[PDB]
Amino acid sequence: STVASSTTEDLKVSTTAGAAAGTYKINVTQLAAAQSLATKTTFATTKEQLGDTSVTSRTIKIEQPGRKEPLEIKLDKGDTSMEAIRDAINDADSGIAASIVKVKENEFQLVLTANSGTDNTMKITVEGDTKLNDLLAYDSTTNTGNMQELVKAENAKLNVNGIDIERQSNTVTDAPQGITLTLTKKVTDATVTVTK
């Protein structure tokens, strides 16, 4: 039976039964962050058509370094509204979140956000609709595109007893094995104590 304690609430600690007793001096120097992309232009309503209403079907293809197989979201009904795109991406339930932000009256913006970490930076292309492609396309390799990066993807970086660690998410395991650290903010010289 293992038990863990942290000197700060800004660093949650859990253990497994295999964990060893010990005391760890932890510094968290950076938090993992998810890339977020937003359309450069805004739109008067969430129902107006962001792509070409002449075409029945197009595919939003999303590529990511950690994703083995490209994500292909098909809009095969002719509806290319901001709501239609949002609901198609999200219904795929595949590590990408489409959201709509109203900046103020008559000004709606589409936001696509990945999971955390540099492995999840996005390359978006649209096949079969040059109107929607000119809105949604982004290339994280050349960090150029039609959408804008409002939040850059970043990794969690921390130091455990002098060893520098990097992770895709702020749920840090294997630092050391036996312990799960949840990072909620940058901290200096916190101490996690494990006891049996």
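One-based numbering along the sequence shown.
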Check: Mean C-alpha B factor from the entry: is it higher for 71-79 or for 109-117?
Finding: 71-79
Margin query: When the Cα temperature factors in the entry are averaged, is it 126-134 or 34-42 that ends up higher?
Written below: 126-134
Note to self: Ranking the modelled residues of this chain by C-alpha B-factor as given in the entry, is residue 29 in the lowest, middle or highest third?
What the structure shows: middle
Notebook entry, point to check: Ranked by Cα temperature factor within the chain, is residue 193 in the lowest third, the middle third or the highest third?
Noted result: lowest
Notebook entry, point to check: Comparing residue 166 with the other modelled residues of its chain, is its CA B-factor in the lowest, middle or highest third?
Noted result: lowest
Check: Should residue 61 be placed in the lowest, middle or highest third of its chain by the C-alpha B factor in the entry?
Finding: highest
Notebook entry, point to check: In terms of the chain's CA B-factor thirds, is residue 97 lowest, middle or highest?
Noted result: lowest
